[PDB]
Each structure stands twice: as structure tokens, then as C-alpha cells.
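As given, the protein sequences belong to chains C, H, I, J, G, E, A, D, B and F, one line each in that order.
According to the deposited numbering, the first sequence is numbered sequentially starting from 1.
According to the deposited numbering, the second sequence is numbered sequentially starting from 1.
According to the deposited numbering, the third sequence is numbered sequentially starting from 1.
According to the deposited numbering, the fourth sequence is numbered sequentially starting from 1.
According to the deposited numbering, the fifth sequence is numbered sequentially starting from 1.
According to the deposited numbering, the sixth sequence is numbered sequentially starting from 1.
According to the deposited numbering, the seventh sequence is numbered sequentially starting from 1.
According to the deposited numbering, the eighth sequence is numbered sequentially starting from 1.
According to the deposited numbering, the ninth sequence is numbered sequentially starting from 1.
According to the deposited numbering, the tenth sequence is numbered sequentially starting from 1.
C-beta atoms are modelled at their ideal positions from N, C-alpha and C, and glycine is treated no differently.
There are 10 protein chains.
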Amino acid sequence: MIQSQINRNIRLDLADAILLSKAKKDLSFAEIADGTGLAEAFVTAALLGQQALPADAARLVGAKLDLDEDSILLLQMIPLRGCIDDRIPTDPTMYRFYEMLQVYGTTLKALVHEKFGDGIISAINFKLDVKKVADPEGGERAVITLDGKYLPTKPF
Amino acid sequence: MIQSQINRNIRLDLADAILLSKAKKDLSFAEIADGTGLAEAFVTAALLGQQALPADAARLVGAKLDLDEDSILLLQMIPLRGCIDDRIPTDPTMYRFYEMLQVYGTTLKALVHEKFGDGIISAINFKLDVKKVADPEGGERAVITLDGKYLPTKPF
Amino acid sequence: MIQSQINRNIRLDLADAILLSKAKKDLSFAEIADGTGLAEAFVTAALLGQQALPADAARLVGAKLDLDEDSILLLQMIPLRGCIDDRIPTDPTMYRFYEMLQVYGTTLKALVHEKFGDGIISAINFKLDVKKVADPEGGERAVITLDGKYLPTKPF
Amino acid sequence: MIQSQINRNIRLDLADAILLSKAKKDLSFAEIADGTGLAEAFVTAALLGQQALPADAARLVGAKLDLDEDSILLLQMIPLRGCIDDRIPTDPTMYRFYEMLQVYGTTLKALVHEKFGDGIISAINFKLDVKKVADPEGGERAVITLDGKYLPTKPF
Amino acid sequence: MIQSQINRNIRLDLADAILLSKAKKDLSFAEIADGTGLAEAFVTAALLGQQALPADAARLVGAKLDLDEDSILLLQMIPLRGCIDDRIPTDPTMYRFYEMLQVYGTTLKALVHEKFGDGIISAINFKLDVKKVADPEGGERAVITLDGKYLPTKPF
Amino acid sequence: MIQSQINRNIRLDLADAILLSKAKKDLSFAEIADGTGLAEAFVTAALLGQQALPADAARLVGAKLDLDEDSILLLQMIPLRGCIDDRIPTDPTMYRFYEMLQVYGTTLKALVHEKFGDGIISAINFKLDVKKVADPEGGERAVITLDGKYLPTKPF
Amino acid sequence: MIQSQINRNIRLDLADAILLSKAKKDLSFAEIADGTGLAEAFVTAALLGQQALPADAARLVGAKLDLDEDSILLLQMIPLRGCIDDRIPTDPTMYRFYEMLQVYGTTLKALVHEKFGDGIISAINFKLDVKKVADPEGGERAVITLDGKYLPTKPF
Amino acid sequence: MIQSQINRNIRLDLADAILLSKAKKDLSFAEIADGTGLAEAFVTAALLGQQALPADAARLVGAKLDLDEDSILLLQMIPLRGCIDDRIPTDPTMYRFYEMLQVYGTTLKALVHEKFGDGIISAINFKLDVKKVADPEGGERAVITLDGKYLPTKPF
Amino acid sequence: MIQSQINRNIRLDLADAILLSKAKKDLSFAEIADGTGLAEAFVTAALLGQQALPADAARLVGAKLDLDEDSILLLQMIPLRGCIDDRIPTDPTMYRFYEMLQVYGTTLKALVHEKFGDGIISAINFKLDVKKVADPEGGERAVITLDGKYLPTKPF
Amino acid sequence: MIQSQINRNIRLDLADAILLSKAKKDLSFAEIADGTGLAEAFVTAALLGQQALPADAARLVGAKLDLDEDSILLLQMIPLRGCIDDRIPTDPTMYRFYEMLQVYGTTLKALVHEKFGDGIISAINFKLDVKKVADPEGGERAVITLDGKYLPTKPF
């Protein structure tokens, strides 16, 4: 609750171990998150080193993955966040989300200031979820919802 | 439309002039897009240099903003896309969306592969929506919907 | 209000013009902010391109600095913020504040998580001021107060 | 004391081990610093590799954390300072303090020169402390005090 | 297949081990890929950490390369793609393909927009082929076929 | 042709003017190259500042685009090549070709070494073709042919 | 004197104009500094945008260089310091001083901590002097004296 | 001595070992250099990976530091020099010497060309020396003497 | 000659003007350097902003290119050297010399220390020339001679 | 040889081991190369990771250095070339060759296009050697000969 990391490599190393154990057990993130009470994106993010799990969720997911005591502890620590290796993703799947920022980043800024005003949409007071929908033209689409609080800049 | 740009600075300089004109006329992006048949995010992105407008939309927004013939032409050209000055935004409003990537980038990758499979969520066959919703704890929230086609990696 | 910039160079150019007028008129920032009802740091930051002034304060500082209508309008527009040229300051005076980050950044993180919890000290819901005090050993000290709202990360 | 480091990884690796020990013993930084006669920010910074502890303080914190002789000696050596992994923090909590510089860096410069003159506010002859205060609109705020000697530029 | 990697080093370290075993056994990539039902470029890319192999191909190449159970599993996992160490290749053989981008990048953009329209040529719905042909002037030429689906940008 | 540039901005500025003229005349690159005897990709590259045109092709395309004498001369000068603004493209259309390198770069190296031996595929002794083909799945594909001389590394 | 710059380009552009004027009048820096009562390195640094001249010195050097009133004013303002274009000098003469840092930077740190203790040698309370002296083995040597106040790191 | 290194990490790792041993033995760099016949800055630099020690000095300091044969041999190797981790020091103590270049770099260039001519002050034919002197204002100063051979750029 | 530049853009802008004049007059660099008494590489370098010409050569090459008095003056000024735009060339022709470094840089270091000892091959006391020779296998070869003084690192 | 590497660290680690073995045996690169039939620069480059040795030469140099069978195999593999740690060398000896590129890089481009035409001097069909010669004014010089095939840019 008050313990925090200053070096992302410890939690990212743990994430690698979790993913191998996860693959050996043929688990999905959905089922690791099941029974946790937390959204699959939050639990996934914690496993990947970017969130802290409450001790209860940490023990549960720890049991599904056969994690030792130190690992379960580590998952509860407030991480040094930052999942991109070197600022810009190389992975195509992650790059596409960077690309939407290169295409729509100033549009998001302009529409945030138009609809809300001066300030930010929070990445902290924030939820995300990923939804699969059919494409009427065929195939499938991802509907990803970014739900952040508006925080105004206020003069003083 | 077969005409395209190779230097983002031309459309970005145009964007600056559009924004001054827009500020002098006290126009909103919602207003500028009304009548085009195009979503405000698409029209905004085009004004900010990140999309091409079809000829009819360009004429109509050019009328609202008092643009000359060359500016109306430039709005129709396929842009050299990339709205971030130097890869990482400095602007807090813009930066928060990059931070969502630093926190959740690997989670989005993980969940895309879990829900869809190997491949990408498209930034091209893609729709963006920004809604303002009340926050039940007070204040306002932005609900940003990313709607991208899933394209699977094809083994061959 | 609703109008925002996407290119910081416009307001930073304006800032340079403001600084020359200010020096020619022998004005202090304290003098310029007097009568705006806004703190010297906020007004200064707006002059330097990093905040928007409300219309009345914009007109008043515009009167003191002999600014034209466009400039007074630009001062009200929401900026593309980011005052550092290329990520790390070269200026010794500005660099010292980056050095405090290099020496204390992980301490600030550690102590914020210890005293507040998982989350951030906001730079948006934020006040700062700069006070000159006597040094008991001789000379003077700056006491810079950063007053930022704590925003918790909560799971979802 | 006359001994110093040239590679920050040694002290930073030590910091990682310290943080694990600290988390396993559920210690706060306040607790570790109590009895040293040193402020919590200074002691914390030392644990995190950014300050040297005096021999007595090093023994004392070394006792509280089960550190070996070599680790206690390491805490006394003058560090190679620099806590940010790669110039710009990725972690949201530390990033906000960088953002404070991106928004107010030039304002801090301007006001330091106005109030003090040509020179710097020291990061070396320097104290900081972090205060939690209640926010009258609800929630909490961090009052972070940066207290640095003013050192004027000497013409010669 | 729903298992994916978030750290390219794991698969890249495996690639190194694969290449040593491949060299000791005097195998070619064409030989490894034979019987797999998959193109040599796709199988090679998988070995080098950039594609996932289906289970039967993974087992077959694992038999040919004398890989352990864990390595054969890692070959099936969806990778964190990105084979270039630090954005720009240093290796002359790889650099030449980057140099074709530096010379023809804008030409490819221009001609894609001319022939197909606004949008992209996919790197995902994509096949590549490398053919050796005689050079009429003596020596040999590589004919590398990039076969990518066109994906239009659509207004919305 | 012995005249060469050392600063790409000159030819890239020229490219921008060409593209504007080309758009006003509603010309395709295919049409511009018709009658030069040069492949459309080579002529396009020259217009975009990455190749030199022979004098007669330069006059021909210069007539078609109504270029002045200095522009026609600049088109003949050997360029300072490099069409990417800052090493990595921001534009999605050009990015995909960089991504093919991030995915297949080491595969191309491996297969070049297997099929040809130690050395490089040339970007200089090189031809490229962009072909549109129907996709049996529906839609269209780009078949891009990179045709490069193999130059071996030889011991000395 | 309380007026300061935030954009180094104004004073650097002024420095370029000064250097051309200086070259046209065939003045040395020593001559320009003579009569100001200030050391040649200080006056020179001011002309090059890195120091503020006192009003008397400014008018004196401005008379020598035929600077206009605005330029004399600019020389008096506290600069945004930072004379290196992009962090690492490309110029051989400037680079050697950087190389001195690459070879002896950690030695300077070590010996400063040995002889003085934990702290810094100031670049602010600082004088530098360049002397020409004969090399006994023939040729000349520069004896560059860096004379910086030692400021200790203060615990608290 | 004809043996040279190509990877600075070997000698820098050795430097770290040396510094630990030196600290345990409570040795000063002055002591370690005593009796080598070499200036303390040279011996220090060699220990820190930036110079080669002659065999007699290497044996002498190796005795004082209890180094094994391989270490004593490594100290004699010509190093791959470069003591700064990533181009710009983060350490305040080392940073000040970089700041000296950011403030006076162009002044050093200017005055070298004025006093000596076109060319460089050598970092190779080069002596440095650190003296402590009393400050008349109280406290201490470092007089750091850079003594470099001038090498002219001569036309050919 | 004691006048020096601190901003390379002045001389590089001059180089661009020189090159257009040179192309218009269809001059070669051999012809321009003829009669100056200086090697073609030295005079070319000076035109391209990387060397200072002596006054007579500057007048001579200035006459050939109809340069005004200011330009002839600029050619005599000691430049701020550095011809690469951004550290790594993009142009294939220049990149090959960088690649030569990437392939042979450590070999050059190794052989310099083996043949000469600790020290450097000077880029200042240095000559280069470029010779065209026939390739007995057909075609042409460039024989580029780098001729630099060895300066040893000597202990002190 | 059809086996190739994708990760430069394998061969560079091996190069470090070779250098230690070489130093213990006090071998020069000249004697290691003796009897291979290969130039000392080529053999050295291979040992340092930048070339592949033929099987015979690998077994010979491996006998001289006591290399195991896997190391001898590795030396035969086509490397992932790139000897500079991070794009720009820090080592003064290596840096000087980069500085030659910073001073003469555009001169080399200009003279190559003048003497050969549009194209490149190859770094692949390429030889180098390093010759020691006496300086008439005392001391020694390195005469480094770069011998590369000219390859013309081919239109199509």
C-alpha cells in the first residue's frame, strides 16, 4: 500500500515469468482475472507490471499461476510504470495505438478543449475496456473505450 | 483523390491559420463539421492536417473559415500524417493519451491477441468518438471510443 | 475558452515579443500581473505561452505591454504547452530544477506513494509560488512551493 | 566520505534490494529516517542512491533493513547521482514533476531572475519536504517545498 | 493461439540459440521450412522471433533443430515484434532495406495513393518472397516481392 | 552530371512546390513520367528529391508542371538523399514499409545470406515496381517488387 | 537586470550579427572587452549569448560594434543559456572540451570528492581564463583555468 | 603496449571493483598514485577505465588494491574511452563541467581561435590538475587547470 | 585570422548559394580549387562550410562564383564545423563512410594502437584525397587516403 | 557459408574473450593474421565481430588463441555488423574517424559525384589498410587507405 518500485525491470522480469507460466497452463487473461472483482484490463496491466494488485487479487492470481511469495508481494507494489521499451513501440499491435495518437492526438486535444475546456483527460482516474464486435462488412472490430476524468486547468 | 503531400509542415501551417481564423470567428469544430456528413473528429483531424476532406466538405468548411482556393485544395490532399512535433507530446492534454499507452500498451496487445488473435487493431479502418458524460462523483468524464477493424496476421 | 493551439511556436513567438516590450517598458512580471487578480506565476506562465489568460486579464496585460488585438486574442487561446526546447533544459537556471528531478525524482515518487498512495500529484490542479527569504548563513534562498492535488489510481 | 561511485547501477541495484527488504519488513521511509537526525527526503534519496549517508546514519538504517557491511559502506559513498532511467520519466508519478518543468520551467527562470537576479537556485544547497494538506474542495494536496540557495552569477 | 509475449528479448535469445543449433547441424532455413506447409520467409521470421508458428510446424522445426519443449512453446507464442536493435539497423545487409525507405519511402506513399487511394499497404495481411535471379550483366539479383493488402482510409 | 546537393531541404522544398502544381493541374505521377522512358517510381523519386533526372526528362516533366529554369536545373542535381524527416516515418503509409523492416529485417538478412551469401542487396543498383492486383478475398493488393543487385562481401 | 530571455535564438541570432560586425571591423574579443572592466571570457560569453552585460559595458561594446539600441538592450538581458546546438558539439574545437569530459569527467568527480567532499564545483560562482604559454617541446599550449567555488552538498 | 579494448564495460566493471576495494581500504587516489611517478589525475583516470597504466604503475597500484593478475593486466590495456554513461552526465558534479561547455563552449572556441588560430586544444597532449585554494569570501575553490597542446588546422 | 563562427547555418546557407551558383556556371570543384594552391578536398570543404579559406584563395574562389564581399569574408572565417545534418547521414553516398566506421571502427582503433600506441590519428593534422582507379574486374574504384598525424597519449 | 547471426552481442562478447586471450599471449593482430592469407584489417575485423572468417582461417586463428570449437564456428558465421556502441563513438581514437566524416563527409560526397557520378563508394566491395609512415616534421603519421568500388545509381 505504501511500498513502491523505482526500477521497472523487476516487475517486467516478473511479467515475463508470469507469461511463460500462463502459456504453460494455457490460461487466458480473462480467466486469470475471473474471481478477482477487477476488470480484465486492470489485472492484465498489473501482471504486465503497470498496476498494483490488492493483496487479495494478488494471492488469487498468484495461485492460478503458481507464483512464489516474493512474486505475489511484487505484484502488490506500486510499480515504476512504463511498458514501452524505448518510448515508441516496435510491435505492430502496440504501434497502431501510438499511430492513432500521431493521427488524432491534436484532434483529441482540440475536441477535449472544445467539449470540456482547458485541462486534461486523466490517465489515472481512468478505465479502459476492449470489446469485440462483428463488422457488418465482415470480419471483426475492436471497440476500445477510454474513459478518463476531465480535470480542468484552473487559474490562481 | 490521387494527390498527396510529403511534408507535414504545409498542412500544419495551414492548420495554424485555420485555427486563428476559427478563433476570430469564434467557431467550434462541431459547427465547422455540421453539414459535411462527416464526423466532427474526422473533420477536425482534416483541419489539423491528418485527413483529407472530400471536395464538397472542403468547399463547405472553406466557406465557413474564409479559406482561399489553395487552402481548400490543400485540405483535399492526402496528408503526410503525424501530428506530434517530436514523437512524445509535451502538451499535458496530448501527453495523457501517450501515458495511457505507457501504462496499458502491453495490456492492449495482450487483450487484442486474446480476443481476436495474432494481428492488429487498425488505425486506418478506424473510427474515433469523444463523448462528454457526467461523472456521478462530480465533474465530467470523456468517453473516447476507438473503433478499429481487426486484421489478422496471415501465415503463408 | 473553446479555442486551442496545436503548435507551441505561435505563443512562444508571442512570448519573445512580450519580453522585448516588457524590457523596453522596464516592467517586472509582478507589475504586469498586478490588477489581474491572478498570481504572478500564472500570469507569467501565460505570457510565456504556457497558460491561457481570461479575456479581462488579457486585455489588461495587453494594455500594459501595448499588445495588438491578435496578440491579446492569442493570450486567451489554450496553448500547446511545453516550454523546454528539447526535453532537457540547457539553461543553468532551468536545469537546476531538472537536476532536482534527477536527484529527488524517485524520492518524490516514493514519498508521494507513502504519504498519499498510488497515484499522482497533479500538475494541472496545481499552484506554485516563489518566495525570497534570508539565508541565516548570509545571502538569500528561494522557497518554491509546489501545491498539487493528489489524484489516486483506483482499480476498476 | 572521500570515496565516491562512478556507475549509478551499483547504488541503484542496492536500492532495489533495499526496497525489497523494506517491503518485506513493511517499513515506511519516515520510519527508516527516524533517529538519523536527517530529513526523510534526504534519507530516502540516499537509499534510492542519490545521497551519501553519514557513517552513523548508514549503520542505523543498515540495522533497520538487515543490510550487510558492504551495503552499509555503499550507502556512505558519494553517489553517481541521476535517478531517471532515460532522461524523461515514464512513470506517471515522476512524470508530473517533469511536466511541472514543461509548463513552468521558463516561469521559474523568469521569476528567479526577477526576485534574485542572474543566477541559479541550488539543487545542492537545498532542502525539500513533502506535506500532505487537506483540499477544501475535498481530497488531498501535496505541498512540496523546494528550498534552494540563490547563487548569483559573478561577472569577472 | 492466445498467448503473447511483451518482451522481445525472450524470443530473440531463443533465436540466438536456434541459430547456433542450426549452424552446428548445417541446416538452411529452406530445409527447416520444408514439410511445414509454410513459406520459408514466414518460418524464418518465426525462428527469428517475429512470427508465431502453428503447433505442428513448431514441433517439426523443433525436431529438426533439437529444441526443448519450452522452446517449441515459445515459437508458438505471439511475439513482441521488432527485430531492429535500436530503430536504425547497423548491419549493412539490413541497412540497405532501410536505405530503400530513405530513398523511396515518399515515392511508395505517392504511388500507393495514386494507384489505390488514401490508406496503407498492409504489413500484416502481407506475404514476402525472396527470389534469386540471374543478372543479365553478370552476377545475381534478389527479387523481393512485398505483397500487401490495400486498406483504404475511410471518412466517417 | 557532376553537380550535387549537400542539404536536402532545397530539393524537398522544390518537391513541395511540384506537388502543389501537380495538384492544381490534377496530374498523376504516371502521366508525369509518360514520355520520359523512365519508370514511374524513378521519376516520382526524382520529383520527391531522391533521384536526379537526366536533362531531357527534367525538361519534359518541367514543361508538364510549368517549372521555372532553376527548378528544372535542381531536378538534375544529384540529391542529398533521405526522404524521412527524422529517421522513423510518422505517416502510416510510409510507416508500414518501416514496419516490414521491423518484422522481416532479420529474415531478409538471413535469406539473403542463405540464397546469395555474405553481402548486401543493393538499394542503388535497384528497381522497384508497384502493381495493383485483385485480391481473391475481395479488395485489392499491392505487389511491390524490390529488385536489387546482390553484391558479395569478399575477404582480402 | 530583472529582464530575462526564454528563447536562446534571439541572443544567438544577435551573436551572429555581432560576429559579422566584429569581423567587418576586424576586432578581437580582447579589444572589445578592453575598458569594460570585465574579463575577456565574460564579455565574450555575453556577446555569444551566454552572459548579461552590465549597462555600461553593454553601451561600451555596443558603441564598438555599432549595435542598435535594441541590440544593446538585448545584451543586458539575462540569457537563456546553452551554446551547443544539439547537446554534443560537432565542432572539433568545441568537441575536445567535451572529450576532456568523456575522458576525465569521472576523474574530476572523484578528485573533487577527495579534495573537497560531497558537492560540486560551481559553474556559476566561476571564473575561467585562457592563457597562451610556450610548449618547451615546441609549439604552444593553452592553459585554461577553471576557477569554481566549491559548494558542498548540505544534508538536512 | 599494443593490447587495446573495444568494449568499455570490461574496464568500467573493473573500475567498480577497484572503487569497492579502495573504499574498504580507505585509500585516497592521492595515496594510490603515490610512488607511481604519475600525476594523481592520470592514475585516477586509469583506474576509472580511461587511461592505460604502465606495467610498473599497474603492479604498484595493483599491490595497493589487492588486484589479481587479470585485473593488473586489464589496467595496462589501452581502453575504449568514454566515461559518461549516455552522452550527458546526470551527476551534478560531473554535470557542472558539461554546463561549463554549455555556457562557455563557444567562448572557448572563440578565444582559442583568437589567441592560437584555427585548430584545437588537444585532449590527448593534455594535462589536468585540480588544486584547492581558499576563497577570500570564505570557503574553498577548485582551480582546475586544463593544459592542452594547441594543434593548428593547416591547409593542404 | 582570428574571426570565428559559432552557428554553422551561416556557412551552410552560404554553401547552398555557392552550390547553385556552381551548378548554374557548370563548375567543378577541381576548377574552383585550381589556382588557390590548396588541395581540391580542402577547398571543397571550405566551400561546404568546413574550413576557412585564406584571404587570397577566398578572393579567387569568390571571383569564380560571383560572391559578394560578405560571402568572401564568411569563407575566411573559422567555421563551426559539422557537415552532417543530424549525426548519422541519410544520403547513401555519405552513409557508406559512416558504415565503414560501423564495420571497421574498432579495427582501426586496434591497428592504430598496435602500430603506433596509445593515442589518436589526428583529424586536424590531416589530409585526405580521393583517387579514381580502374577496377581490374570492370568499372571503377575510389581510393581514399586518410593521412593523419599520430599523437600519443603520454602519462603525466 | 549460409549461417548468419542476428544479434551482434554474441560475436562482440566473443571478441572480448579473444582480446583477453590475445593479451595474455601478448599477440599482435599482425601475427594472428599471419598464415591466413587474409589482410590484417580483414582478420582483425572478423575477430572483432565484423567479418566472417573462412573455415581454414578460423581454425588457424583459433589454434593461436586457444579458442574452443564453438568459438571457431562463430567466427565463420556471417555477423550482424555494427561495432559502435551507440551510433557515435566515445573513444577518442575512434571518434577522430567520425570527426573526419563531420568535417569532410559532404566533401567526400561532392568529390565522389564529381569524379565518379551519381552513386556510392561501396563499403562492401571494399578494402582498407593502415600504414605507418614517418612525419618529416617529426613523429609518425597513419596513412589509411579506403579502397571501395564505385557503384552507379541505375535509373530504370
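Check, Outcome
"Quick one: grab the DSSP three-state call for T153(B).", "coil"
"As an exercise, report each continuous alpha helix (DSSP H) stretch of at least 4 residues that is fully enclosed by the segment 18-43 of chain I, in chain order.", "29-33"
"Exposed or buried, which one is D86(C) when buried takes at least 16 other CB atoms within 10 Å?", "exposed"
"Please state the DSSP three-state secondary structure of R96(A).", "helix"
"Does the segment 11-25 of chain A touch the segment 137-154 of chain F, meaning 3 or more C-beta pairs lie closer than 8 Å?", "no"
"Counting only Cβ-Cβ distances shorter than 7 Å, please list the residues of the segment 69-103 of chain E near chain G, keeping chain order.", "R81, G82, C83, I84, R87, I88, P89, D91, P92, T93, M94, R96, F97, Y98, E99, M100, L101, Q102 and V103"
"DSSP three-state label for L111(B), please.", "helix"
"Output, in sequence order along the chain, the residues in the segment 1-21 of chain C whose CB is closer than 7 Å to any CB in chain J.", "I2, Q3, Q5, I6, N7 and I10"
"Could you give the residue range of the alpha helix (DSSP H) that holds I124(A)?", "No alpha helix (DSSP H) contains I124(A), which is instead part of the beta strand (DSSP E) from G119 to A134."
"State the Cα-Cα distance for the pair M94(A) and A110(D), rounded to the nearest angstrom.", "10 Å"
"Taking only beta-carbon positions, decide if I124(B) is within less than 9 Å of chain A.", "yes"
"What are the residues of the segment 131-151 of chain B that lie near chain F, defined by any Cβ-Cβ distance shorter than 7 Å?", "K132, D135, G139, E140, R141, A142, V143, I144, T145, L146, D147, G148, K149 and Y150"
"Which same chain residues, not among the five before or five after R59(C), have their C-beta less than 7 Å away from its C-beta?", "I72"
"Using a Cβ distance threshold of 8 Å, determine whether the segment 30-40 of chain F contacts the segment 128-143 of chain B, with at least three qualifying pairs required.", "no"
"List the residues of chain G that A23(C) touches, going by C-beta distances under 7 Å, in chain order.", "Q3, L73 and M77"
"Is there a C-beta anywhere in chain A that falls below 9 Å from the one on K115(D)?", "yes"
"Relative to the C-alpha of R8(J), which residue among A41(D), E31(D) and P89(D) is closest?", "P89(D)"
"Within this structure, are the beta carbons of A41(B) and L128(B) separated by less than 9 Å?", "yes"
"Could you work out which residues of chain E lie near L67(B), taking near to mean beta carbons separated by less than 8 Å?", "Here the premise fails: no neighbours, minimum Cβ distance about 17 Å."
"In the DSSP assignment, the alpha helix (DSSP H) including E69(H) goes from what residue to what residue?", "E69 to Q76"
"I need the straight-line Cα distance from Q5(A) to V103(J), nearest angstrom please.", "16 Å"
"Going by the beta-carbon positions, is the gap between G49(F) and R11(F) smaller than 9 Å?", "yes"
"Applying the 10 Å Cβ sphere with the 16-neighbour rule, what's the burial state of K131(A)?", "exposed"
"Kindly indicate if chain E contains any beta-carbon less than 9 Å away from that of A58(G).", "no"
"Give the single residue among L20(D), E31(D), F29(D) and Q51(D) whose Cα lies nearest to the Cα of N125(D).", "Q51(D)"
"From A15(J) to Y98(D), what does the alpha carbon distance come to, in whole angstroms?", "27 Å"
"Can the beta-carbon of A30(A) be found closer than 9 Å to that of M100(D)?", "no"
"Is it true that the CB of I84(J) sits closer than 9 Å to the CB of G148(I)?", "no"
"Just the C-alpha distance for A134(C) and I120(H), rounded to the nearest angstrom, thanks.", "15 Å"
"For chain G, check one thing: does any of its Cβ atoms lie closer than 9 Å to the Cβ of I32(H)?", "no"
"For the candidate residues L108(F), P92(F), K115(F) and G62(F), whose alpha-carbon lies nearest to that of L47(B)?", "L108(F)"
"Taking the Cβ atom as the reference point for each residue, do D91(J) and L74(C) lie within a distance shorter than 9 Å?", "no"
"For my contact list, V43(C) and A55(C) are in at a C-beta cut-off of 8 Å; report their separation, rounded to the angstrom.", "At roughly 14 Å, the Cβ-Cβ gap does not stay under 8 Å, so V43(C) and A55(C) are not in contact."
"Consult DSSP for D13(I) and reduce its assignment to one of helix, strand or coil.", "helix"
"Considering only the beta carbon of each residue, do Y150(J) and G117(J) sit closer than 9 Å?", "yes"
"Return the residue from the list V61(H), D68(H) and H113(H) that minimises the CA-CA distance to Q76(G).", "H113(H)"
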